[PDB]
There are 2 protein chains.
Amino acid sequence: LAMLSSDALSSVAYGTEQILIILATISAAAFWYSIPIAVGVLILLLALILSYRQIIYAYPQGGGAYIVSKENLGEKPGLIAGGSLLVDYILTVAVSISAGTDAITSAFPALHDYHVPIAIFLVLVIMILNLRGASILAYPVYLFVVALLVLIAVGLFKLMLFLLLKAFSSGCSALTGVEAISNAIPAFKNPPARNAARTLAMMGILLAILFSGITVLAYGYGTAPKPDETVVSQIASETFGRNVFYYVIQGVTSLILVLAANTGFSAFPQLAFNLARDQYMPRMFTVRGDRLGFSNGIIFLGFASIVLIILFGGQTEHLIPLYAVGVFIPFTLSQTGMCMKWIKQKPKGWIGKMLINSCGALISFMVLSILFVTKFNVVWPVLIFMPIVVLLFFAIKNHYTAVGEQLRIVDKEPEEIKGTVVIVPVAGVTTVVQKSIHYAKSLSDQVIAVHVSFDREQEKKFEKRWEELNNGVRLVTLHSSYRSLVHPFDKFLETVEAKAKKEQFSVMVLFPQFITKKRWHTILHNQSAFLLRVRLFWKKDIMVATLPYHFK
Amino acid sequence: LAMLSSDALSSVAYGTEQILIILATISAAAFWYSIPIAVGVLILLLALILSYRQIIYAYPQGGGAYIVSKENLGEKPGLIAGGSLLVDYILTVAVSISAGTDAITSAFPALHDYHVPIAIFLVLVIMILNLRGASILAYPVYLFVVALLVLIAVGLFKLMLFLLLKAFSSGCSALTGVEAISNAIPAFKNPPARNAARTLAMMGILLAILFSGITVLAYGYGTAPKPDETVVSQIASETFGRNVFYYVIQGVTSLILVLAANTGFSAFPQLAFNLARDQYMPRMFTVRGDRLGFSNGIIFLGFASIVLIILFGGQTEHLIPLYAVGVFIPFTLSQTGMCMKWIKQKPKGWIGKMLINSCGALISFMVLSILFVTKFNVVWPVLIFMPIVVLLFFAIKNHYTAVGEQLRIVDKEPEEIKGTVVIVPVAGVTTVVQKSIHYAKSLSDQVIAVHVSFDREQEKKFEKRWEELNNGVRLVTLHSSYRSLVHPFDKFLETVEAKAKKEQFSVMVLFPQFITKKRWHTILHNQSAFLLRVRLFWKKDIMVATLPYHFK
Ligand SMILES: Nc1ncnc2c1ncn2[C@@H]1O[C@@H]2COP(=O)(O)O[C@H]3[C@@H](O)[C@H](n4cnc5c(N)ncnc54)O[C@@H]3COP(=O)(O)O[C@H]2[C@H]1O
Ligand SMILES: Nc1ncnc2c1ncn2[C@@H]1O[C@@H]2COP(=O)(O)O[C@H]3[C@@H](O)[C@H](n4cnc5c(N)ncnc54)O[C@@H]3COP(=O)(O)O[C@H]2[C@H]1O
């Protein structure tokens with residue numbers, strides 16, 4: 001469960017802190033109310049757990065909060081859930097990294113001045129880790145569970161209305177990672193659905209225990225959220241006095257928050273694939289296992305997290321309502337979808353599932369409404385992003401539908417080709433030119449070599465050296481008055497294409513891609529051919545073949 | 001002259017300011033010494049002018065300070081001059097933009113807090129202007145000349161030892177733009193050499209007049225360099241009292257400094273071409289007039305100027321010794337090269353050219369030595385960049401020489417090809433697939449279509465739809481258990497390449513590049529083919545042809 005429960009188990013490092021921050025606007029003595037609200041949050045958690053249990057039972061293939069919110073409501077709610085899951089992933093990496101840096105700064109207060117630099121550094125190291133592709137993502141979660149359990153144990157040993165709703169919303173903001181198991185069902189044992197339901201029940205129990213313990217410890221110690229450190233940090237400090245175990249707790253908390261960010265990065269492509277299978281995201285994302293869109297997606301979430309951690313300054317309190325909205329819109333849409341699927345169907349336990357999902361959906365909608373009407377000064381990014389991202393999804397869907405309409409219809413075959421002319425541009429006669437012209441002669445005749453010379457005498461010397469060469473292909477030296485390569489070439493191209501069309505031939509070009517095993521010679525070599533392809537050979541409907549001449 | 005004299009004529013906005021800053025460490029009363037040093041700088045200017053006059057006479061083709069410093073000394077000094085000209089261009093854009101922003105902030109003191117933001121904004125707007133490719137670059141220079149001439153006139157109307165060497169160096173740092181005419185000789189009238197010499201003489205006279213007037217006005221007004229504004233700004237303010245004409249002077253000064261930055265950007269590719277013609281810079285830069293390396297070069301100088309304006313904070317005083325070193329190393333190397341060319345040859349006026357170039361070279365070497373031993377805390381970027389850039393130039397030269405050795409030698413022709421097999425991967429039968437397979441059948445037989453299916457039933461449906469299609473090409477459905485596209489494909493590729501080699505055939509692949517006239521659909525369409533080309537078709541020596549299927 002660890003590799004998937006990272007998000008939810010790490011949420012306790014800031015759930016109680018958010019509750020206390022919202023309850024600190026009244027007075028310190030109001031911290032009493034942090035005890036009921038917490039269990040109230042747990043109540044919602046119950047519903048969510050129960051609700052999502054049904055989802056793993058409902059969709060063994062693994063749908064999370066998108067398939068449920070698309071197959072049940074319709075196109076627009078499904079795309080809204082998808083866009084909100086995307087913003088949930090961006091906020092997951094942002095908030096998890098911000099809280100990890102805040103925990104580190106709590107451990108080492110001298111670093112507190114450099115909060116956003118270490119934050120962007122952590123984002124960048126996670127980006128690099130997820131760009132170059134385990135059991136190293138399961139030890140930190142178990143360490144965090146053990147450390148927090150023993151911290152709760154020793155804390156108990158030592159110990160032995162609108163604003164309330166705002167606190168309830170900001171505390172439910174500690175329930176964000178529950179979607180991970182519903183998204184990653186297909187990664188389980190032989191009974192995937194039952195095993196995933198069991199492990200999500202274990203996740204719910206463990207998260208409830210951790211959150212309740214942290215809240216009761218915060219109540220007992222009478223702690224308050226200092227801008228310098230988290231509430232869990234204060235609990236550990238007041239329980240163990242900044243000893244080795246306190247530093248262990250801080251390091252493990254930071255590690256699990258980094259791990260939660262990593263889970264956000266590694267679970268975004270699951271959303272991208274679920275969307276691109278429905279023609280809403282680019283087809284590059286359809287090949288999930290080959291990691292095609294993985295690099296682009298990691299780049300995008302890394303840059304978005306950087307932007308949302310610099311604009312918001314790394315203060316997790318100012319980013320947590322954005323995260324709560326981004327994770328609770330999919331919650332509401334998913335629970336509403338489960339409710340609608342239940343009412344449309346007639347299963348045996350119809351009434352119980354009805355009531356549970358309806359209660360959960362109402363609670364989640366109430367929470368997100370409060371987040372809207374309370375922290376709008378930090379939730380307006382949702383109101384500017386969801387329209388943009390959903391309109392982008394719909395634009396992609398419209399484009400793919402138009403392409404399908406203009407492509408599925410097979411029509412009359414084109415006119416029969418009676419041969420090809422292969423223009424083989426040459427810089428200087430080398431082994432690469434010899435190989436390319438040999439292959440061109442293999443493909444067809446009329447192998448027209450062309451050299452766009454920049455000097456008349458050099459042109460004559462090159463033509464003489466060509467006449468020395470034994471290849472029997474006609475070569476055309478085009479003189480360019482200034483150091484140009486496109487205009488003479490495209491003039492010759494127009495002439496040769498007109499001649500080929502009159503003789504009914506298909507124009508083809510060879511561009512030997514000189515490849516050297518050094519990974520930085522690509523800027524040096526064959527960078528004058530990408531010019532030709534981009535400029536005058538992808539606008540003419542002309543085949544442009546590349547011969548990978550390797551270097552040794 | 002304006003489009004080339006922008007740099008030198010804009011240097012007066014900060015030359016006298018630098019002189020006064022260096023002379024302000026003693027006392028305000030030391031500003032008297034700003035009068036002799038200025039004319040002393042003028043003396044050096046004379047030599048430089050004279051020296052570079054000879055260069056336009058020596059090299060009508062246009063060599064500036066690189067060809068002179070390569071054809072006369074040798075490889076290492078020539079590459080040192082090239083690298084130092086590159087750092088001179090980076091510092092030209094950086095310092096010119098920084099001084100322009102400083103002049104703007106002088107005009108509008110409320111903007112002085114946002115100095116580096118407006119600086120990076122100006123760098124970015126010049127980058128955009130020089131990325132998308134006049135007479136709009138000549139009016140600002142003439143306006144600046146007229147404004148400063150009338151300012152000098154009204155200023156005269158109103159008015160009617162180691163540290164000294166440091167001031168002399170920082171004042172000679174106002175002589176930076178002289179290289180522009182020597183670089184852009186070929187852009188002149190029918191007698192290019194004589195006309196360029198005449199216009200550089202006019203440049204020298206005008207720059208001397210402007211600098212002498214500004215220095216004498218600074219002496220007369222007793223002005224001192226305030227961190228808030230330039231010396232020319234103080235002159236204009238004390239002469240015209242922040243009237244409309246003072247704002248005109250400030251705006252025109254900022255405009256000409258922006259224009260100087262633009263000249264740096266637009267003259268860097270001249271250096272890049274002069275280097276790549278000698279195999280020291282990538283061959284992408286050889287095609288100067290077609291603007292191949294222009295985009296990469298503009299990107300590089302823009303980012304380097306951003307780095308050197310953020311690290312140095314936009315303070316032109318802390319960037320001006322870097323600029324002076326970067327412009328005076330090429331000065332010294334060029335004058336030494338002219339001296340050595342004179343001594344090796346035996347021209348009529350041998351002794352005069354000898355003495356002039358020797359005096360200029362000694363003065364320039366002394367200036368750069370003082371810049372080294374005085375402002376090293378801001379000149380260490382040269383000491384970390386010149387080794388890197390010169391070693392990079394030598395690495396490129398070695399790589400190109402090795403490639404020439406391994407390529408110029410034409411060897412025995414490869415074995416004769418007896419035909420080709422064209423693998424034509426297919427996603428779904430469309431018009432694009434029909435066109436690509438028609439072209440493949442045109443090229444050769446054994447048109448092997450392949451479909452890497454992700455679902456068995458979908459595979460059967462696709463095969464049935466193919467059998468419905470009339471094309472007589474064998475199709476292979478490869479089943480991938482997970483959503484992959486490389487591994488099944490490269491296994492099939494290994495098998496088919498082995499079969500082709502046994503039958504002695506050359507493997508070829510077709511990848512129809514779906515092009516839509518929208519400039520942002522490239523992320524959507526045909527992004528699963530770049531995967532194949534990069535992953536398993538540029539490591540196998542397999543021709544990879546792309547068919548530009550346009551969209552309508
Ligand atoms: N003598 C030499 N010294 C060092 N490196 C050498 C070399 N001869 C070839 N190479 C390297 O091998 C690549 C093979 O270029 P090729 O001449 O086959 O094929 C050329 C030709 O098809 C076309 N092309 C480039 N310049 C051209 C020109 N001036 N006139 C006509 N076609 C040109 O672009 C292709 C690649 O051009 P690019 O020069 O970027 O790419 C060259 C260059 O990177
Ligand atoms: N039914 C449809 N709906 C919407 N857009 C459609 C479409 N059919 C084709 N296109 C668009 O046209 C491009 C032409 O792809 P084609 O199938 O010729 O050529 C394919 C094929 O040669 C290869 N390829 C991609 N997926 C493959 C797969 N699953 N199995 C085998 N080859 C594949 O890569 C080429 C380009 O793939 P990609 O899909 O990026 O590129 C596709 C896609 O962008």
# chains A, B, ... in the order shown; residues from 1 in each chain; ligands from 1

call {"tool": "residues_near_ligand", "arguments": {"ligand": "ligand 1", "cutoff": "7 Å", "atoms": "only C-alpha atoms and all ligand atoms", "output": "CSV table (one decimal) with C-alpha atoms, in the first residue's frame"}}
result
chain,number,residue,atom,x,y,z
A,424,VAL,CA,20.2,13.7,-52.9
A,425,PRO,CA,21.7,17.0,-51.7
A,426,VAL,CA,25.5,16.9,-51.2
A,427,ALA,CA,27.8,19.1,-49.2
A,428,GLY,CA,31.1,17.5,-50.1
A,429,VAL,CA,31.8,14.1,-51.6
A,430,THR,CA,32.5,11.8,-48.7
A,432,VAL,CA,28.3,9.6,-46.4
A,433,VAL,CA,27.5,11.0,-49.9
A,436,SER,CA,23.5,7.9,-49.7
A,450,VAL,CA,22.5,18.8,-56.0
A,451,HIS,CA,25.2,21.0,-54.5
A,452,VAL,CA,24.3,24.6,-53.5
A,453,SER,CA,27.8,26.1,-53.8
A,485,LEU,CA,20.7,27.2,-48.8
A,510,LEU,CA,17.6,11.8,-49.1
A,511,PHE,CA,19.2,13.5,-46.0
A,512,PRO,CA,21.8,11.3,-44.4
A,513,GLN,CA,21.6,11.8,-40.7
A,514,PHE,CA,25.2,11.7,-39.5
A,524,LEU,CA,27.3,20.2,-34.9
A,525,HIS,CA,26.4,17.5,-37.4
A,526,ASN,CA,23.5,17.2,-39.8
A,527,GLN,CA,22.0,20.5,-38.5
A,528,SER,CA,21.8,21.9,-42.0
A,529,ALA,CA,19.4,19.2,-43.1
B,283,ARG,CA,28.4,23.9,-39.7
B,284,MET,CA,24.9,25.2,-39.1
B,400,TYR,CA,35.6,18.3,-37.6
B,403,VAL,CA,35.3,13.7,-39.4
B,404,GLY,CA,37.2,15.0,-42.4
B,407,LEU,CA,35.1,10.9,-44.6
B,408,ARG,CA,37.2,12.6,-47.3

call {"tool": "interface_residues", "arguments": {"of": "chain B", "to": "chain A", "cutoff": "7 Å", "atoms": "only C-alpha atoms", "output": "PDB file with N, CA and C atoms, in the first residue's frame"}}
result
ATOM      1  N   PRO B 282      29.829  25.223 -35.202  1.00  0.00           N
ATOM      2  CA  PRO B 282      29.093  24.202 -35.951  1.00  0.00           C
ATOM      3  C   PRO B 282      28.803  24.633 -37.379  1.00  0.00           C
ATOM      4  N   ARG B 283      28.695  23.639 -38.264  1.00  0.00           N
ATOM      5  CA  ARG B 283      28.431  23.903 -39.672  1.00  0.00           C
ATOM      6  C   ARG B 283      27.063  24.519 -39.909  1.00  0.00           C
ATOM      7  N   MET B 284      26.176  24.497 -38.915  1.00  0.00           N
ATOM      8  CA  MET B 284      24.906  25.190 -39.051  1.00  0.00           C
ATOM      9  C   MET B 284      25.095  26.684 -39.257  1.00  0.00           C
ATOM     10  N   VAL B 287      25.936  28.802 -43.254  1.00  0.00           N
ATOM     11  CA  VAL B 287      24.941  29.405 -44.154  1.00  0.00           C
ATOM     12  C   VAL B 287      24.453  30.675 -43.463  1.00  0.00           C
ATOM     13  N   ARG B 288      25.243  31.740 -43.609  1.00  0.00           N
ATOM     14  CA  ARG B 288      24.986  32.964 -42.858  1.00  0.00           C
ATOM     15  C   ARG B 288      23.706  33.644 -43.323  1.00  0.00           C
ATOM     16  N   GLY B 289      23.537  33.793 -44.637  1.00  0.00           N
ATOM     17  CA  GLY B 289      22.420  34.565 -45.151  1.00  0.00           C
ATOM     18  C   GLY B 289      21.072  33.898 -44.987  1.00  0.00           C
ATOM     19  N   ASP B 290      21.045  32.577 -44.814  1.00  0.00           N
ATOM     20  CA  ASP B 290      19.794  31.852 -44.655  1.00  0.00           C
ATOM     21  C   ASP B 290      19.301  31.833 -43.215  1.00  0.00           C
ATOM     22  N   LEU B 292      20.381  30.193 -40.267  1.00  0.00           N
ATOM     23  CA  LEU B 292      20.243  28.874 -39.662  1.00  0.00           C
ATOM     24  C   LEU B 292      20.618  28.906 -38.186  1.00  0.00           C
ATOM     25  N   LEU B 407      36.095  10.784 -43.517  1.00  0.00           N
ATOM     26  CA  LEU B 407      35.093  10.931 -44.563  1.00  0.00           C
ATOM     27  C   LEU B 407      35.655  11.306 -45.925  1.00  0.00           C
ATOM     28  N   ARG B 408      36.686  12.153 -45.989  1.00  0.00           N
ATOM     29  CA  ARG B 408      37.231  12.553 -47.284  1.00  0.00           C
ATOM     30  C   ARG B 408      37.713  11.349 -48.081  1.00  0.00           C
ATOM     31  N   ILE B 409      38.193  10.315 -47.396  1.00  0.00           N
ATOM     32  CA  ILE B 409      38.781   9.145 -48.045  1.00  0.00           C
ATOM     33  C   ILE B 409      37.638   8.282 -48.566  1.00  0.00           C
ATOM     34  N   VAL B 410      37.330   8.416 -49.855  1.00  0.00           N
ATOM     35  CA  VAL B 410      36.362   7.529 -50.484  1.00  0.00           C
ATOM     36  C   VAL B 410      36.969   6.138 -50.600  1.00  0.00           C
ATOM     37  N   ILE B 417      22.762  -3.438 -53.780  1.00  0.00           N
ATOM     38  CA  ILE B 417      21.458  -3.735 -53.199  1.00  0.00           C
ATOM     39  C   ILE B 417      20.563  -4.306 -54.290  1.00  0.00           C
ATOM     40  N   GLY B 419      17.198  -4.778 -53.865  1.00  0.00           N
ATOM     41  CA  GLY B 419      15.812  -4.447 -53.592  1.00  0.00           C
ATOM     42  C   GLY B 419      15.591  -4.008 -52.161  1.00  0.00           C
ATOM     43  N   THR B 430      -6.688   4.593 -42.714  1.00  0.00           N
ATOM     44  CA  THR B 430      -7.244   5.902 -43.025  1.00  0.00           C
ATOM     45  C   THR B 430      -6.797   6.275 -44.432  1.00  0.00           C
ATOM     46  N   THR B 431      -7.056   7.523 -44.825  1.00  0.00           N
ATOM     47  CA  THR B 431      -6.504   8.003 -46.085  1.00  0.00           C
ATOM     48  C   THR B 431      -4.994   8.148 -45.998  1.00  0.00           C
ATOM     49  N   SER B 442       4.791   2.005 -54.708  1.00  0.00           N
ATOM     50  CA  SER B 442       5.497   2.673 -55.794  1.00  0.00           C
ATOM     51  C   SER B 442       7.002   2.472 -55.684  1.00  0.00           C
ATOM     52  N   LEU B 443       7.547   2.587 -54.471  1.00  0.00           N
ATOM     53  CA  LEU B 443       8.995   2.492 -54.305  1.00  0.00           C
ATOM     54  C   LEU B 443       9.497   1.083 -54.583  1.00  0.00           C
ATOM     55  N   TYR B 482       1.123  -4.978 -22.624  1.00  0.00           N
ATOM     56  CA  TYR B 482       0.914  -3.656 -22.060  1.00  0.00           C
ATOM     57  C   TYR B 482       1.047  -2.612 -23.159  1.00  0.00           C
ATOM     58  N   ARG B 483       0.659  -1.383 -22.831  1.00  0.00           N
ATOM     59  CA  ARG B 483       0.562  -0.319 -23.827  1.00  0.00           C
ATOM     60  C   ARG B 483       1.970   0.117 -24.216  1.00  0.00           C
ATOM     61  N   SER B 484       2.576  -0.656 -25.110  1.00  0.00           N
ATOM     62  CA  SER B 484       3.921  -0.385 -25.589  1.00  0.00           C
ATOM     63  C   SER B 484       3.921  -0.336 -27.107  1.00  0.00           C
ATOM     64  N   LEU B 485       4.947   0.311 -27.652  1.00  0.00           N
ATOM     65  CA  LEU B 485       5.084   0.467 -29.090  1.00  0.00           C
ATOM     66  C   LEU B 485       6.492   0.204 -29.598  1.00  0.00           C
ATOM     67  N   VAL B 486       7.488   0.133 -28.725  1.00  0.00           N
ATOM     68  CA  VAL B 486       8.868  -0.044 -29.157  1.00  0.00           C
ATOM     69  C   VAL B 486       9.277  -1.509 -29.132  1.00  0.00           C
ATOM     70  N   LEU B 524      -0.093  17.153 -30.872  1.00  0.00           N
ATOM     71  CA  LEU B 524      -1.125  16.128 -30.958  1.00  0.00           C
ATOM     72  C   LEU B 524      -0.751  15.056 -31.972  1.00  0.00           C
ATOM     73  N   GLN B 527       3.082  12.422 -33.153  1.00  0.00           N
ATOM     74  CA  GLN B 527       4.044  12.430 -32.064  1.00  0.00           C
ATOM     75  C   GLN B 527       4.373  11.030 -31.577  1.00  0.00           C
ATOM     76  N   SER B 528       3.709  10.016 -32.116  1.00  0.00           N
ATOM     77  CA  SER B 528       4.062   8.633 -31.850  1.00  0.00           C
ATOM     78  C   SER B 528       5.050   8.075 -32.862  1.00  0.00           C
ATOM     79  N   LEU B 531       8.795   9.094 -31.663  1.00  0.00           N
ATOM     80  CA  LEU B 531       9.190   8.034 -30.746  1.00  0.00           C
ATOM     81  C   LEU B 531       9.931   6.924 -31.472  1.00  0.00           C
ATOM     82  N   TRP B 538      16.965   5.145 -35.603  1.00  0.00           N
ATOM     83  CA  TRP B 538      18.221   5.850 -35.805  1.00  0.00           C
ATOM     84  C   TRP B 538      19.369   5.145 -35.099  1.00  0.00           C
ATOM     85  N   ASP B 541      20.605   1.705 -38.719  1.00  0.00           N
ATOM     86  CA  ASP B 541      21.003   1.974 -40.102  1.00  0.00           C
ATOM     87  C   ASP B 541      19.878   1.587 -41.067  1.00  0.00           C
ATOM     88  N   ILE B 542      18.703   2.152 -40.811  1.00  0.00           N
ATOM     89  CA  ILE B 542      17.501   1.855 -41.576  1.00  0.00           C
ATOM     90  C   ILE B 542      16.924   3.157 -42.100  1.00  0.00           C
ATOM     91  N   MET B 543      16.716   3.229 -43.410  1.00  0.00           N
ATOM     92  CA  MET B 543      16.122   4.413 -44.013  1.00  0.00           C
ATOM     93  C   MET B 543      14.738   4.655 -43.427  1.00  0.00           C
ATOM     94  N   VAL B 544      14.456   5.899 -43.052  1.00  0.00           N
ATOM     95  CA  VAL B 544      13.215   6.255 -42.362  1.00  0.00           C
ATOM     96  C   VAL B 544      12.603   7.431 -43.116  1.00  0.00           C
ATOM     97  N   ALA B 545      11.759   7.139 -44.095  1.00  0.00           N
ATOM     98  CA  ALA B 545      11.171   8.177 -44.926  1.00  0.00           C
ATOM     99  C   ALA B 545       9.869   8.673 -44.320  1.00  0.00           C
ATOM    100  N   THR B 546       9.620   9.970 -44.461  1.00  0.00           N
ATOM    101  CA  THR B 546       8.434  10.611 -43.916  1.00  0.00           C
ATOM    102  C   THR B 546       7.624  11.212 -45.053  1.00  0.00           C
ATOM    103  N   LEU B 547       6.335  10.894 -45.096  1.00  0.00           N
ATOM    104  CA  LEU B 547       5.457  11.399 -46.139  1.00  0.00           C
ATOM    105  C   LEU B 547       4.648  12.565 -45.601  1.00  0.00           C
ATOM    106  N   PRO B 548       4.869  13.782 -46.063  1.00  0.00           N
ATOM    107  CA  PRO B 548       4.113  14.914 -45.520  1.00  0.00           C
ATOM    108  C   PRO B 548       2.670  14.938 -45.988  1.00  0.00           C
ATOM    109  N   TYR B 549       1.807  14.182 -45.313  1.00  0.00           N
ATOM    110  CA  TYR B 549       0.371  14.227 -45.568  1.00  0.00           C
ATOM    111  C   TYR B 549      -0.185  15.512 -44.973  1.00  0.00           C
TER     112      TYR B 549
END

call {"tool": "closest_residue", "arguments": {"among": "A:48, A:141, A:476, A:56", "to": "residue 336 in chain A", "atoms": "only C-alpha atoms"}}
result
A:48

call {"tool": "closest_residue", "arguments": {"among": "A:391, A:307, A:534, A:163", "to": "residue 371 in chain A", "atoms": "only C-alpha atoms"}}
result
A:163

call {"tool": "residues_around", "arguments": {"residues": "residue 152 in chain B", "least_positions_apart": "4", "cutoff": "9 Å", "atoms": "only C-alpha atoms", "output": "PyMOL selection string"}}
result
chain B and resi 147-148+156-157+210+213-214+216-217

call {"tool": "write_last_selection", "arguments": {"atoms": "C-alpha atoms", "output": "compact mmCIF listing (two decimals), in the first residue's frame"}}
result
# COMPACT_ATOMS: atom_id res chain seq x y z
CA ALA B 147 20.47 65.57 -28.83
CA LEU B 148 23.95 65.17 -27.36
CA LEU B 156 29.22 75.19 -23.10
CA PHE B 157 26.88 78.18 -23.35
CA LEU B 210 30.58 63.47 -27.75
CA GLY B 213 31.78 67.27 -24.45
CA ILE B 214 30.21 65.01 -21.84
CA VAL B 216 33.88 68.69 -19.92
CA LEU B 217 30.23 69.20 -18.96

call {"tool": "residues_around", "arguments": {"residues": "residue 155 in chain B", "least_positions_apart": "3", "cutoff": "12 Å", "atoms": "only C-alpha atoms", "output": "list in words"}}
result
residues 147, 148, 149, 150, 151, 152, 158, 159, 160, 213, 214, 215, 216, 217, 218, 219, 220, 221, 232, 234, 235, 236, 237, 238, 239 and 240 of chain B

call {"tool": "atom_distance", "arguments": {"atom1": "CA of residue 308 in chain A", "atom2": "CA of residue 124 in chain B"}}
result
22.8 Å

call {"tool": "residues_around", "arguments": {"residues": "residue 343 in chain B", "least_positions_apart": "5", "cutoff": "12 Å", "atoms": "only C-alpha atoms", "output": "VMD selection string"}}
result
chain B and resid 72 336 to 338 348 to 355 357 to 358

call {"tool": "write_last_selection", "arguments": {"atoms": "N, CA and C atoms", "output": "PDB file, in the first residue's frame"}}
result
ATOM      1  N   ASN B  72      47.613  36.116 -38.680  1.00  0.00           N
ATOM      2  CA  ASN B  72      48.881  36.754 -38.345  1.00  0.00           C
ATOM      3  C   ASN B  72      49.610  36.101 -37.184  1.00  0.00           C
ATOM      4  N   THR B 336      48.190  43.674 -32.277  1.00  0.00           N
ATOM      5  CA  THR B 336      49.389  42.850 -32.356  1.00  0.00           C
ATOM      6  C   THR B 336      49.468  42.132 -33.697  1.00  0.00           C
ATOM      7  N   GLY B 337      48.331  41.639 -34.190  1.00  0.00           N
ATOM      8  CA  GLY B 337      48.318  40.995 -35.489  1.00  0.00           C
ATOM      9  C   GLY B 337      48.656  41.946 -36.616  1.00  0.00           C
ATOM     10  N   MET B 338      48.136  43.171 -36.552  1.00  0.00           N
ATOM     11  CA  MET B 338      48.492  44.160 -37.561  1.00  0.00           C
ATOM     12  C   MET B 338      49.980  44.485 -37.502  1.00  0.00           C
ATOM     13  N   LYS B 348      55.313  50.234 -48.127  1.00  0.00           N
ATOM     14  CA  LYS B 348      55.946  51.544 -48.255  1.00  0.00           C
ATOM     15  C   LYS B 348      55.967  52.286 -46.924  1.00  0.00           C
ATOM     16  N   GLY B 349      54.810  52.412 -46.277  1.00  0.00           N
ATOM     17  CA  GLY B 349      54.724  53.121 -45.015  1.00  0.00           C
ATOM     18  C   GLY B 349      54.887  52.203 -43.823  1.00  0.00           C
ATOM     19  N   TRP B 350      55.962  51.413 -43.833  1.00  0.00           N
ATOM     20  CA  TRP B 350      56.132  50.363 -42.835  1.00  0.00           C
ATOM     21  C   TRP B 350      56.309  50.946 -41.437  1.00  0.00           C
ATOM     22  N   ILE B 351      57.139  51.985 -41.309  1.00  0.00           N
ATOM     23  CA  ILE B 351      57.526  52.468 -39.986  1.00  0.00           C
ATOM     24  C   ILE B 351      56.356  53.151 -39.283  1.00  0.00           C
ATOM     25  N   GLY B 352      55.568  53.938 -40.018  1.00  0.00           N
ATOM     26  CA  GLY B 352      54.447  54.625 -39.394  1.00  0.00           C
ATOM     27  C   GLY B 352      53.386  53.668 -38.887  1.00  0.00           C
ATOM     28  N   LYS B 353      53.009  52.698 -39.721  1.00  0.00           N
ATOM     29  CA  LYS B 353      52.033  51.699 -39.300  1.00  0.00           C
ATOM     30  C   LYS B 353      52.570  50.876 -38.139  1.00  0.00           C
ATOM     31  N   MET B 354      53.844  50.484 -38.217  1.00  0.00           N
ATOM     32  CA  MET B 354      54.528  49.862 -37.090  1.00  0.00           C
ATOM     33  C   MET B 354      54.315  50.638 -35.799  1.00  0.00           C
ATOM     34  N   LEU B 355      54.689  51.917 -35.800  1.00  0.00           N
ATOM     35  CA  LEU B 355      54.647  52.696 -34.567  1.00  0.00           C
ATOM     36  C   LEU B 355      53.220  52.865 -34.063  1.00  0.00           C
ATOM     37  N   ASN B 357      50.462  50.991 -34.611  1.00  0.00           N
ATOM     38  CA  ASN B 357      49.884  49.754 -34.104  1.00  0.00           C
ATOM     39  C   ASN B 357      50.581  49.296 -32.832  1.00  0.00           C
ATOM     40  N   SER B 358      51.901  49.480 -32.743  1.00  0.00           N
ATOM     41  CA  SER B 358      52.609  49.097 -31.528  1.00  0.00           C
ATOM     42  C   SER B 358      52.160  49.933 -30.339  1.00  0.00           C
TER      43      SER B 358
END
